[PDB]
K.L.:
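Take a look at this one; I'll ask things after.
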Amino acid sequence: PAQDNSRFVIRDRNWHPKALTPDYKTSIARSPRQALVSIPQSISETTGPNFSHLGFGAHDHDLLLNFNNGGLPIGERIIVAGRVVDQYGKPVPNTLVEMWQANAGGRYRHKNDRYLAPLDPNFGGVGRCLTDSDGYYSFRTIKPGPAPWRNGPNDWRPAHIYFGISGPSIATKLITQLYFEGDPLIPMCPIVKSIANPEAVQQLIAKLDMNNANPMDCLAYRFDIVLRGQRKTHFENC
Amino acid sequence: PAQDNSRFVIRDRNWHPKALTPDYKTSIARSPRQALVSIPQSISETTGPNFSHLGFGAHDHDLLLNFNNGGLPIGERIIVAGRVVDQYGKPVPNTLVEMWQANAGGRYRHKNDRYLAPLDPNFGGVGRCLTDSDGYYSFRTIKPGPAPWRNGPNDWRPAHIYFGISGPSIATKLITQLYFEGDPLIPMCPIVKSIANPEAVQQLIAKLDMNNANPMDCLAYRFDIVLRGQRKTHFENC
Amino acid sequence: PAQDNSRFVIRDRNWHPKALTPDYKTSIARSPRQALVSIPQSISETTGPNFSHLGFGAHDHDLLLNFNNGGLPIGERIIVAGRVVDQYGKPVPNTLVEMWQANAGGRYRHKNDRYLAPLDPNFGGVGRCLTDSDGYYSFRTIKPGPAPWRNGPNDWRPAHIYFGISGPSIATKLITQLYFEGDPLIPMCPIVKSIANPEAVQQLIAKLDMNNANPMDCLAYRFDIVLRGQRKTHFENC
Amino acid sequence: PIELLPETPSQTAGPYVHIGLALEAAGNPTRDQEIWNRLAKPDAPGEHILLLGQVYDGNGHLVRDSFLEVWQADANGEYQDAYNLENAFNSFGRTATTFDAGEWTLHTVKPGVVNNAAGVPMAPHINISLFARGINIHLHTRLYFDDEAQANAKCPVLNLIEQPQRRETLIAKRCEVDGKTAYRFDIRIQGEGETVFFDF
Amino acid sequence: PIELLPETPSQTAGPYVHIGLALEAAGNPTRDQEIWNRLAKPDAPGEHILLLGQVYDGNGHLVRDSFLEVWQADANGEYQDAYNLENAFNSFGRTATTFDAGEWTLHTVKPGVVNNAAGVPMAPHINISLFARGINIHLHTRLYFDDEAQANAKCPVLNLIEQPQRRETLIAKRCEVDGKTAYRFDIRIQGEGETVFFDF
Amino acid sequence: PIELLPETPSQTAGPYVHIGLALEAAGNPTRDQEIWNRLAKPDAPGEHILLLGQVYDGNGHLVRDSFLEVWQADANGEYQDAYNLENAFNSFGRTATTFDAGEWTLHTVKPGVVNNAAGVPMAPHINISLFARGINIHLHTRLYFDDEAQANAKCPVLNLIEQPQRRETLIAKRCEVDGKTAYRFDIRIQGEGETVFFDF
Amino acid sequence: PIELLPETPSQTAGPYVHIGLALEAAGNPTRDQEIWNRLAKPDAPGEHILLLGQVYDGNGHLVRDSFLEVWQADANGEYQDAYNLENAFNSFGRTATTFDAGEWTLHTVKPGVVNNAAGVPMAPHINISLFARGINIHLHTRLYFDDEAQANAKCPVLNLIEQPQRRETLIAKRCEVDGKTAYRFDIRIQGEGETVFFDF
Ligand SMILES: [Fe+3]
Ligand SMILES: [Fe+3]
Ligand SMILES: [Fe+3]
Ligand SMILES: [Fe+3]
C-alpha cells in the first residue's frame, strides 16, 4: 500500500486564482465565504493514485485519430508537448495528463454547448496519456478556436485546452488551462484574469515550438507544468 | 475633571489596515459589513485617562527582571526605546505605553498557547511605562522569536512586540505591533499585509540603534510612535 | 591508501579575506608579514581524510536534543540545511560538516566566555554530520543571538554559526561563518568586513527557506557551500 | 495639500492581548496596581450598576478573546481623567471576555448627561473600544440605556445613525444579576443585528 | 528567501469538464477503461456502502455540473495507490452531478481508521476534491460518518475546526437505499451551512 | 575568461573553535568518537614519536587558542584516508594549544618518504593547517625533521623557498619528552623567525 | 539602523600647535590667563609630585613638537571640572615638548583612587591625550605609578590589556629631582615598547 514519506510545499494561494473573482460571474455564488481550514499533511493527503496500469487505447493521445468518422478533423494540426516537474525541478514520471478542448471553431462536443459554430464530425476533443520516465508528455490535436460565453455581453475565451494532472499525491493534483502564444484575447479574459499576478498568467501560455514541428505536416506548442515541490520528512515527532 | 479643548486630525483608514483582510483568516468573521458612522468630536472623544498617578513597580519596564524566578531570561538582550509624538511633531509626555511579547523561542506565556517551544522560567513578557516629559519611553527585554500560527498551513509571525499607547484622548489610543529591521518574515506575513500601503508597513519596523546599546551587555532598537495630531478648536458654533 | 589523481583550482586570495585586516584587531599580530610560498600540488595536498567510517551518535546533527539536561533549549527552532558542491558544480558527497555556535542569547558554552547573558542548560552548541550521496547536509538548532566582543568599544557579531567542511582533500578544507538573511549587524562587523568584496560577503548569508520548514514547529535556513573545483590531471610530466 | 506625519498604523491586539492588558485572564500573576473593571468604589456618588455582555462574530459565535476599554462620565456628568486606584470613581476601565462563557463585566455607576460641542445634551452613554484577534483596528461604539428612552430619542449622536433599527443596537437592556441592577450590552461585530460602530 | 519554481496556477475545470473526465456522465462515447465511481467490486472486504449527495451554491441552488474526485483507505485502513480496473478495490474514484442526474453517487466500502503523522487515529473519512464552472481552484473536504460519533469527536483533523457547529458540516447521514446501507453527504459551497473546506 | 562558481570565503575559526573541534579543551563533554591527537595505536608500524610545539604572534606572545590539523604519510609512505578510530594508524589528526602553557602535542609515527608529482622524493614531512582567533584563512605549513638533513637538502618543496635561512623555520628539533623521542616544532606567525607558510 | 549626525573628523594638530595651545612653549607672548602645566599650587592637599617624560617615534627618535593634555583626580579621588587659575588644584592641564625642551613636565599631586562604572577601584592614574604633527587623531593613554604595584595589579582597566608585558608600558618610574618626588613617563608611539593607547 501507499506510505507517508513525503511533504509537499504549501500552495501560494495568491499565485493561484482566488475563489471570489467577480468579473468571472459564476465564481460569485460558487466561492466559499469562510476561510479554508489549514490541516497538517498526513498519509491521506500525501498519497494518491498511480495510473501506470491504466489501460490506454492506441489513439488516446491523438485527437486527429481518436474520433475517426471517415476523415481527418479540419483545422490547425499541432503537437502539444511538455514536461511535468515539481518546484524543485524534479521530473514527474508516469503521471496522468488528461486534456480536453473545443474544435477549430470554438464548439465543444457537449450537449450543453449550443454555439452556432458547427461540430466537426471527425473531432471529439478529448485526450490522455502518461508522462514518460523523464516526465515528458505529448498530444496531437487541432488548435481550438476562441469560444464565446455568457459572462459579460461580448466575452470570448482565448483559444484554450483544459489540462488535468495527477502527480504523486492528491495534494499535487491540478486542473488548469493552456493558452497560446500571442493570442490577443488572453489579456481580456476574466477567467485568465482570475489570476491576479501577471507573471502567473504567463506560466499558462504555451510557446510555439518550431523545433518540435513535423515539416509539411503539423506545428507544435510547448507547455511545461510545475507541480508542488516534494521533499522527504525531517525532524518530525521529535 | 477633563474638558473639551482640542480636536484630533481625522484618521486615514486607508493608511491603517482595513477591517476585512481575508488572508488574515480571523478577520473574515470579525469585520463589520456596515459602514462606520462618522460622528463629530465631543468631550466624550477628545478626553481620556491620564496615568501619571498609576503606581508603577520598579521593574515594570524591565522584562529581564520583572519575572525573576532565579535567573535571567535566555535570549538577545535589547533595549527598546523611542519617542511618542503627534502628527504635528509635538511630543506626547506622561503617556502610558504598554507592551507584550513571546519569549526568545516564540512561545507566549498564555494558557491558550500550546506551541511546543518551551517557556522560559525567567521570562514573563509584559512591560509598561510612562513617556517622560520629552515624550521618550524605554523598555529592556529579550528579542522575541518568530511564532507559528494557524492561519495558512505554514504561517509564521515575524519577531514582534505588541504596543498599546494611550495618548491624550480615547481618540488617540492605539494598539500596534513593532517588527525588527531586516526580518525576512515581514514581507510574508498576512497580519503585516493587512496594511495595504508599503510605506505604512515601514513605519512599524524598529531600527537597530547601536548608539543606545550598552557595550558587552545589550543591543538596542528604536521605535518611534506617531499619534493623531492635536489642535485647538477654532471658529466653532459661530 | 590515498592516491594523487586530481588537481584543485587555485584559491582566489582576494576573494577570501586577507590575513591583515586591522579593524579586526587580533589579526594585526596574527598575520604573516612574508609572502606565502607557492608550491605545486602533490599527493600531500590533493588527498585528505574521508569520514565515512567515523561513528556518529544519533543526535550529533541535532542541537535541540544533543545537550539534553531535562528539557528543550530556549530560542528560535531552525533547520540549517544546504548542499556542498565544488566550483564546477559537482556535489561533494560523504563529506564532514561540523558546526558550532552560541546559544539564543549570544553566550558560548566555553570556559573563556564570561558574557553576562546566561547559558541555556539544554543547549551545547555543537553539531556534525556527513553530506549525503547527493551533497546535502542538515542540522537542527536554535538561532544564535548576536555576541558582543572586545574589539572596538561597541562591537557585536551578527548572529552566526561556525562551519568546518573537509571536502576531498586538505587543499579543499575550509572554516567559515554562516550569517542570517537581513541581519542589520552584518554590514557593521569587522570580521565580516575582513572580506573585501561585497559579493563574497553575500555568499555567507543563509536565506530563510520556508519550503523546508516544519509548520507549527521550526523554521529553516539554506546555506550552500562551494569548495575548490576538482579536475583530473592532464598533460603532466610530458 | 498639507500632509502631516502619518499616524502609526494599527495592528490587531492578537489572541494573547491578556498577557499585556488583562494579566489575570492570561493565567498570570498581577502587579501591585492594575487597570481593570471596577470603576466605582462602593461610596462613589450615583446609581451603582453592573454592565455585562457577550461579543459575537459574523457566524453568530462567541468571541471569547475580546478586550474592551471603556470611558464614561461620572454620575455628575464629569469625566474623571486623573486615573488612580484610590479614586472613588474612575472614568476609565478595562474588561475582557471569559474564555469559557465569553462574558465581560464592568462595575460602575450610571453616567450623567454631557453636552456635545454645540451644547446639545447627549443621552447617558459609555464609550467603548473593542479589540481582539481578527480585529485590525479597534471598533468604537457607545452603550446607551433602555430606561433613558426620552433622552435617547433626542441624542444628537444617536440621531446621526440614519436608520432607527440600527439605533436599537446601541441600547443596553436593563436586567438583574444577583438581584442587582444591571444592563446587558451584547455586541454583534458582523451581520444580523450588527452593532453600530463609529468613526471620529 | 529561497524561492522555488512557482507552481502552475489553477483554472476552473469549466462547464464541459465531463467531456474530458466523466465521459459517460457527458453522454459521450467511452474508451475501454475509464476511472469512475465504483471503488469496490462485490468481492472487496469490508462494509459495502452507497454514498450520494447534492452540491449547492450560495443561493441554495443545485450545482448541476460538478465533478468530484475521491481518495479513501480500504476497509483495513490502507491506501491502495496501484490503480487497476481489475482490482476488487481502488482507493481512488470519480463522480459527477449533471443536468440529468443532479445527485452524484459512489459505490465503495467504509474506510478503516488511518493515523495522522503524529500517530493519532483519524476518524474514518473519504477525501474529496470538488471542481466545477465557477470554482477557480478545487475545494478540498472530508466526508465522515454519523455512525462514528465517538471517533469523530476525537479526530485530530475535525478538532482543528474551531467551531463545533462547522464540524457538523462534514458528517454524512446514514440511510437505507433499496435495502442497502447508504450515506448522504451534501456540500454547500457558500453561505448558510457552508461546508468546511481545507488547505494542506 | 572562464569564471567558475566562487569558493565560499574563509572566516576566522574564532576563540571558541574548541566548542566544535576540540571538545574537551572547551571544558565540555565529549561524544563517543572524537577526531584528536593520537594518530598511532601502540602497534602501528614505524618509529613512534611525540610532536609538540608552541605558537607565537608578532609580539612574541603565545597564541593560547590555536587549533591545528595535521596530515601525514604512515611509516611506509602511504596516506591513510579511511579515517577510523579503530585503525592502527590515521594519517589525519587534530590538536590545540593548552590555554595555560600554550603547548600542543601529537602522538604519531615518523612519516615515510613520498614523491612529488614529477616523481622526485620529498623529505619526510607532516602537513599542518593552523587556525585561530585573528587568523582569517588558515595557514599551511610543513614540519620536517632535523635528523633528515640529507633528504631535507634535496626536497623539491623546501627548495622552492628562496632563502636557506627561511627553510630552517620548517625543521623540527629532535628532543626527548619523558625520555621518549620527540620533535619540537614552534610556529612564529609574524616577524623574527617567521615560519614559512604555503599556498597551493 | 539609526544613524546620528556624524562627528566632525579629526585632523593633525600640526607642527605649529604651540602657537594656539602652548604660547609660552612657542616662545610667543602670552595672554593674561593660560592653561598650562601647574595643576597644583603649593597649598593643594596631597602628595606633590613632578611628572616628566619624552616622546619617541617608531625609529626611536625624539618627538620635539608634542602637545599633551592631562586630566586627573585630586588627592581625594575627585575630578574638579571648575577650571580656574585661582584654584589651589585643577584636574586639567597642558604641557609640550619643544625643540628647546624635549622633555615635558607637569607639577601636580598624586591622584586618589577612583571607582569605575561597576564600582571597582581603578589604580591611581592620570589620563593623557597626545597630539602632534603626524598624529591624525590624538592618542589616549594613562600614566600609572610604580609605587602602586598592588593597586595596579587589580586595576580593571590595566587588566583589559591582554598581555602583561604591555601593561608595563603604562607604569611611570619614581625618581627624585632636586630632592623632590618625581615620576618619569616616556611614551613610545610605535614599535619596540610601544605604549598602550586606548579607545573609549
Ligand atoms: Fe503575536
Ligand atoms: Fe472553455
Ligand atoms: Fe563567534
Ligand atoms: Fe598648517
Side-chain angles (χ1 to χ4, degrees), chain B residues 24 26 99-103 105-110 112-113 115 125-126 144-151 155-163 175-179 185 189-192 194 204, chain C residues 24 26 99-103 105-110 112-113 115 125-126 144-151 155-163 175-179 185 189-192 194 204, chain D residues 11-20 26 65 131-134, chain F residues 11-20 26 65 131-134, chain G residues 11-20 65 132-134:
Chain B
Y24 174 21
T26 310
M99 63 86 101
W100 66 100
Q101 56 171 101
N103 69 11
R107 175 77 179 277
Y108 288 89
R109 184 168 287 282
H110 193 294
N112 295 339
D113 183 6
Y115 179 37
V126 56
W149 61 301
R150 298 187 188 282
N151 192 56
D155 281 355
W156 290 78
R157 304 301 325 287
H160 63 285
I161 299 173
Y162 294 84
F163 271 70
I175 284 171
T176 191
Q177 295 178 42
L178 167 163
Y179 305 105
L185 287 167
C189 177
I191 287 173
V192 172
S194 67
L204 296 188
Chain C
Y24 174 21
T26 310
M99 63 86 101
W100 66 100
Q101 56 171 101
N103 69 11
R107 175 77 179 277
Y108 288 89
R109 184 168 287 282
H110 193 294
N112 295 339
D113 183 6
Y115 179 37
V126 56
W149 61 301
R150 298 187 188 282
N151 192 56
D155 281 355
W156 290 78
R157 304 301 325 287
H160 63 285
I161 299 173
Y162 294 84
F163 271 70
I175 284 171
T176 191
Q177 295 178 42
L178 167 163
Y179 305 105
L185 287 167
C189 177
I191 287 173
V192 172
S194 67
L204 296 188
Chain D
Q11 298 277 257
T12 180
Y16 311 128
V17 55
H18 306 147
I19 305 185
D65 54 11
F131 300 84
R133 164 177 67 118
Chain F
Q11 298 277 257
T12 180
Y16 311 128
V17 55
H18 306 147
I19 305 185
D65 54 11
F131 300 84
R133 164 177 67 118
Chain G
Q11 295 277 258
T12 180
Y16 309 120
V17 56
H18 302 145
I19 84 164
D65 53 13
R133 165 179 68 119

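Numbering of ligands and ligand atoms starts at 1, following listing order. Here is the naming used below: chain letters follow the sequence lines, and residue numbers restart at 1 for every chain.
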K.L.:
Cut-off 3.5 Å, side chains only: do C:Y179 and C:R157 have a donor facing an acceptor?
P.N.:
yes
K.L.:
Hey, do the aromatic rings of B:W149 and B:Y24 have their centres closer than 6.0 Å?
P.N.:
yes
K.L.:
Does the shortest distance from the Fe ion (ligand 1) to an N/O/S atom of B:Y108 fall below 2.8 Å?
P.N.:
yes
K.L.:
Between D:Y16 and D:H18, is the gap from one ring center to the other below 6.0 Å?
P.N.:
no
K.L.:
Taking the side chain as C-beta and beyond, is there a heavy-atom pair between B:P158 and B:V192 under 4.5 Å?
P.N.:
yes
K.L.:
I'd like to know: is the Fe ion (ligand 3) within the 2.8 Å range of an N/O/S atom from F:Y16, strictly under that distance?
P.N.:
no
K.L.:
What angle sits at the Fe ion (ligand 3) between OH of C:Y162 and NE2 of C:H160, to 10°?
P.N.:
100°
